[PDB]
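Listed next as structure tokens is one chain, alone, in the form deposited in one PDB entry.
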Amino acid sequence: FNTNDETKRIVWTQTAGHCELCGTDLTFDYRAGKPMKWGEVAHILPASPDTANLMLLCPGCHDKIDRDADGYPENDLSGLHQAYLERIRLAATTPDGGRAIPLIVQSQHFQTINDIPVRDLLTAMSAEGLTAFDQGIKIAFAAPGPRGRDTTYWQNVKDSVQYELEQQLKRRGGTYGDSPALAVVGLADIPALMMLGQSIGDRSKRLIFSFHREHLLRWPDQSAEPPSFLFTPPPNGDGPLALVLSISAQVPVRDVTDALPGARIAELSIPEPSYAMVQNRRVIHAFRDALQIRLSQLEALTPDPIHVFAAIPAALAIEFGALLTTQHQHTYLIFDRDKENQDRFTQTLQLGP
């Protein structure tokens, strides 16, 4: 059946220029430098024996359809037609699935030495299709009190973070009323970054970003493969179980045994420990995958706490904390270098029952 040139344009657009029965790109001639004969390379016909009910078919598939004198089909195709348009519509609207909340969490120290502006995260976000729609959240961990970073302090940190987060996640939108994605970067001490991960978890639409010394908030290399994560099991024994992460750098054994005498060391590392190893986000996912496989191995060995000494990039420390948010909880005692005690590893954070 015949159509005007205006209807042709509408049907061609709503189908993205593919045959609805076979999927062939009917703009091929244009791609091969030739002139586009819209009327020749495609036929339009009703889906059932309004531009919404008109299909775009290639000549081949069209000739296979039984039609009556007026060009209408004999068999109903509205099912496959509406389903086709729905698939195109879902792909065409995909950018509105990038609504996102910018979150920059820094210690008061790095907020001074190395402040991360919102513009820098928004540019990295924008490049990945994540679209902020309001002011980015920028917050700094509470300056500790007289009792130090004890339980009440860390519980307040978590309440604070989860409060600001939950208020922004109310900003539902897009095609389906989904909460926005969380785009989070962290630049603080390793225990605080772990509590940031305790706060956000890993069971929502959330994308970690990484502050890189060279490339800043842009990913150094999207193509890089993640390094292999090498595991050294602990020696048999009775001493305290110590998990050593040598990722940014090699942790000296002496520093661990000094802080934790008798420690039996289990170690996760990479071939060349380096500060620049977070080449892309897959590296962070690969780290968590390897870590969790080994944490399960270690937890099957002992019901006793695991003492963590970590030289890890900031992004990895967040994912670590986020990993340990299942219902199941094993006790993890996190150690960090006390800059006021000759950089001695001292216990700073407890996670678990």
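Heads up, when I say rigid core I mean the largest set of C-alphas that superpose within 1.5 Å between the two forms. So that there is no doubt, residue numbering starts at 1 and follows the sequence shown.
Student: For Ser48, do at least a third of the other compared PDB entries give no atomic coordinates?
Tutor: In at least a third of the comparable entries (those modelling both sides of it), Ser48 has no coordinates.
Student: Select one of none, 1 to 3, 4 to 9, or 10 or more to describe the deposited residues without coordinates separating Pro49 and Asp50.
Tutor: Gap between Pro49 and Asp50: 10 or more unmodelled residues.
Student: Using the B-factors recorded in the PDB entry, average over the C-alpha atoms of 63-71 and of 50-58, then report which stretch comes out higher.
Tutor: In the deposited entry, the stretch with the higher C-alpha B-factor mean is 63-71.
Student: Mean CA temperature factor from the deposited coordinates, higher in 171-179 or in 237-245?
Tutor: Higher mean C-alpha B-factor: 237-245.
Student: Among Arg87, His109, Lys158, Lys205, single out the one with the highest C-alpha B factor in the record, please.
Tutor: The record points to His109.
Student: Between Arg282, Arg254, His81, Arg99, where does the Cα B-factor run highest in the record?
Tutor: Going by the entry's C-alpha B-factors, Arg254 comes out highest.
Student: Compare the C-alpha B factor of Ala42 with those of the other modelled residues in its chain, then answer lowest, middle or highest third.
Tutor: For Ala42, the deposited C-alpha B-factor lands in the highest third.
Student: Sorting the chain's CA B-factors, does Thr152 end up in the lowest, middle or highest third?
Tutor: Highest third - that is where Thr152 ends up once the chain's C-alpha B-factors are sorted.
Student: Lowest, middle or highest third of the chain for the C-alpha temperature factor of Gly321?
Tutor: Bottom third by C-alpha B-factor.
Student: Comparing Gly186 with the other modelled residues of its chain, is its CA B-factor in the lowest, middle or highest third?
Tutor: Middle third of the chain for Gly186's C-alpha B-factor.
Student: How does the C-alpha B factor of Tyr163 compare with the rest of the chain: lowest, middle or highest third?
Tutor: It belongs to the middle third of the chain when residues are ordered by C-alpha B-factor.
The discussion below concerns the form deposited in another entry, not included here.
Student: Upon rigid core superposition, which of the listed residues (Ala290, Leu298, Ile65, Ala311) is displaced by 2 angstroms or more at its Cα between this form and the one not shown?
Tutor: Looking at each option in turn, only one qualifies, and it is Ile65.
Student: Quick one: core overlaid, is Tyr275 moving 2 Å or more at the Cα between this form and the one not shown?
Tutor: Where the cores coincide, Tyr275 shows only a C-alpha shift between this form and the one not shown that is less than 2 Å.
Student: Look at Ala249 and decide if its Cα position differs by 2 Å or more between this form and the one not shown after superposing on the rigid core.
Tutor: No: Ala249 shifts by under 2 Å between this form and the one not shown.
Student: Compare the position of the CA of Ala16 between this form and the one not shown after a rigid core fit and state whether the shift reaches 2 Å.
Tutor: Yes: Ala16 shifts by at least 2 Å between this form and the one not shown.
Student: Hey, the CA atoms of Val184 and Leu90 end up closer or farther in the other entry than in the shown form, with the change being 3 Å or more?
Tutor: Pair moves closer in the other entry.
Student: Taking the shown form as the reference, report whether the CA atoms of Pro95 and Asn280 lie closer or farther apart in the other entry; the distance changes by 3 angstroms or more.
Tutor: The answer is farther, because the C-alphas of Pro95 and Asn280 separate from each other in the other entry by 3 Å or more.
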